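Here the structure comes first, spelled out in structure tokens, and everything after it is commentary.
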Amino acid sequence: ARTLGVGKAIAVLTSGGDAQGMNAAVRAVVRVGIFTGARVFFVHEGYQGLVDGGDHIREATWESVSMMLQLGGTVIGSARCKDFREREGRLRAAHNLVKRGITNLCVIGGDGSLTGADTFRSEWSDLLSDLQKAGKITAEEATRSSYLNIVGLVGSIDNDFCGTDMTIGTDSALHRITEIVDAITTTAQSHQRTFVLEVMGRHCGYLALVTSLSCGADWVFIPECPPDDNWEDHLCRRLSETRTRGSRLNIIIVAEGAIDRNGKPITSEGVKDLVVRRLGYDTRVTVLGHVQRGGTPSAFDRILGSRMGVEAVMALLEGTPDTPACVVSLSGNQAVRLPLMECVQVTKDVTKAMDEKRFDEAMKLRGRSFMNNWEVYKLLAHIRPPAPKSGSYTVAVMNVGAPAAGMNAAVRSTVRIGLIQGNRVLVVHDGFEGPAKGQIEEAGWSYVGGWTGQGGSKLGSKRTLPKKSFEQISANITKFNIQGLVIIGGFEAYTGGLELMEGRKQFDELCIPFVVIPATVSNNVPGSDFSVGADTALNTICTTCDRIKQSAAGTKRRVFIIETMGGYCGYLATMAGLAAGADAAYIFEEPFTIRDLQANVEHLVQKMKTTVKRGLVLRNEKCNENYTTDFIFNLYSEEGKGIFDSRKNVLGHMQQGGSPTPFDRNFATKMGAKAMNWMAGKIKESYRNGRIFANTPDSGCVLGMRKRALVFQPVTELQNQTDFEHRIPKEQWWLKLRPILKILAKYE
Ligand SMILES: Nc1ncnc2c1ncn2[C@@H]1O[C@H](COP(=O)(O)OP(=O)(O)OP(=O)(O)O)[C@@H](O)[C@H]1O
Ligand SMILES: Nc1ncnc2c1ncn2[C@@H]1O[C@H](COP(=O)(O)OP(=O)(O)OP(=O)(O)O)[C@@H](O)[C@H]1O
Ligand SMILES: Nc1ncnc2c1ncn2[C@@H]1O[C@H](COP(=O)(O)OP(=O)(O)O)[C@@H](O)[C@H]1O
């Protein structure tokens, strides 16, 4: 609370290497730190300034963290101080803390920096008694004893640290790597070019794998699972197999830490030599390096930064001389404070486990999803697939609703994974106008060839519903022999789904199972924390939001009022509102009354009249029937005549058919499989007498993100979890963020 951090001060620090998002962390850490009545102190140049001190520990204001969200790298500054790795230095830093009076320390760093603060919290007890032989009056130690709180905030493009689902910057890092391959990829038209990108990752194959999974890398090399035995043949057999199979380029991604069975490291150049000496294609190595850390932080990292930042400060002010070292982080999409020590002691475990040829233990300590990506990567990466028999179940996949960045990525694994099960996969053009009009084709392994990155809807998606035409579709699911349905779409996929169950009452054909994969820009589908195409949309809003915070204004001081899309769902606006640090984001799920709206302005003004020079006001395209854009606009204008200028922008639905970011391509790839695996089951389990009869509710689901796991939920079970008037779910997780979004704008 406002009185919580009163009579309390904290010093934030940014050790480790530049990770896009650190800046948002700091900001949040300062903004929320003040807010809690506490005092926040900067500490330029990572652990260094802490050791040094003096002019390296300046005090932060609120205006100080202004306009940082959008900036990459660290601004508080990051060094490499090795003096701290020794006590002949930690003691001087401590001196600096106690000399400046500070009981809380936020460390935004990596596996090492984090492990350093760790050992610091520990070797802190004796640090007093020793720095007492001559340090400062012993009156202080008896006034700052077993009270040295430190929160570790994980920032690293490695995504190595264990205990956190994501680290800062890795998504942006993912964007960089992606934009390149995205470009490498869309040019190779001449010779059978064969790029050999080498990407980051000391000991972690993460970025390397994930980047292969989004590009459709032809082969990959990662640490935790070295290519044991004669592979070159394999890799060449492959590259040639695929060469004659008809293809232009090839993208062999290589993690830096890429080693082999024994350990004698695989080299990006070596790889390059191989292919040329054995196959002789014009191969060309590239080594992205230190650019992955560049560019600007993606919508996710800015957001993730702010969330972690707030978590830290809370965790800092909620500490007790009996509470252990803390490391806040994300998991199952919610903040968590984890035992610093436990995290380090383990995140280390993986290294040794890897030092000993024990890679199974490696890939395990890493495990879960990682292991999955690996598994799914290889599968979809195959050149094959198997020989199609006859007793094979035949599935149909289709798109329904407005298009999304990821649909084609989902349709591609759905078909590949299907085909690899030995099942048949039909492809439907134009959603439900699909099984109905009869536009249905058989999709072979190549049909989906290189789609994972293409945006829009290759198959065609319409929003029309099934019911009105059960006759024709059922007529068709019999003719073509459809025996399961995979629907990638948004609300009218969920909705058209329910619409299918009822049919199971009047029709026996509709008595097949179906899974609904959420693909909607708006993130309005019930039964999942995320949907495919939101991140992509979101990243574009957040982008143009930043580009608009410029405008060739004939003078400074100016306020922008922007209307986002997403019908009644305040996900984008709220999120974008937070990613681009707007003063206000008017959404539906959170009703405003002119009594408020007023106060929201008799506020930005009190700011445009000082600190702030550009203002951001986000409005959900449906937050309120009366208080339209134009209303909010005009209100904000008049009220600020003289003090500032103002323009109003309506983004609207700027062709959401651009291109999927790496996260939607992964998300749509991972599910498209998860579903096609789950569905192959429900189809066996529903085969009875030379016919299938799914008439239970389990056979009709929507697969979605729900906390730490993906989960199949039956459409009917969700009916009472969804407001159909406004086509949105009831209980949106993110409404939990609104408050932080508000304190960062300096409210309450
Ligand atoms: N093992 C350690 N013990 C104590 N302090 C450390 C340790 N490792 C790093 N530090 C502190 O952090 C500084 C920078 O370390 P480092 O470059 O490893 O950052 P990091 O958090 O490990 O991120 P990265 O994954 O890029 O290594 C060191 O100079 C020292 O100040
Ligand atoms: N794309 C890939 N990247 C890295 N390793 C791969 C890839 N594809 C297969 N492998 C490796 O090849 C070995 C398994 O071969 P599998 O028998 O699983 O594929 P395959 O049928 O021989 O090849 P294809 O599927 O290219 O004919 C394992 O080491 C597996 O990790
Ligand atoms: N861009 C993002 N937007 C929302 N959540 C994200 C994003 N990137 C990662 N996450 C979170 O990271 C965790 C999932 O990581 P993971 O299983 O490795 O999937 P991927 O392999 O797609 O990262 C979840 O908490 C997920 O919500």
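Easy rule for this one: first residue shown is 1, then count along the chain.
Every residue, even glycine, has its Cβ placed from backbone N, Cα and C.
Same-site candidate for substrate binding, as annotated by Swiss-Prot with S156, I157, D158, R193, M200, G201, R202, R284, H290, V291, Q292, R293, chosen from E123, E232, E256, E318: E256. Of the residues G5, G7, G17, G21, Swiss-Prot puts just one in the ATP site with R80, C81, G110, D111, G112, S113: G17. On the backbone, the CA of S113 (ATP binding site) and the CA of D158 (substrate binding site) stand 14 Å apart.
Just so you know, of the binding-site residues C81, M200, the Cβ with the fewest other Cβ atoms around it within 10 Å is the one at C81.
Within the region 'Interdomain linker' (383-393), the DSSP-based counts of helix, strand and coil residues read 0 helix, 0 strand, 11 coil. Comparing C-alpha positions, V291 (substrate binding site) sits nearest to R80 among the recorded positions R80, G112, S522.
When the binding-site residues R80, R202, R284 are compared by Cα distance to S522 (O-linked glycosylation site), the shortest distance belongs to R202. The recorded positions near ligand 1, defined by a Cβ under 6 Å from one of its atoms, are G17, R80, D111, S156, chosen from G17, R80, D111, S156, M200, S522.
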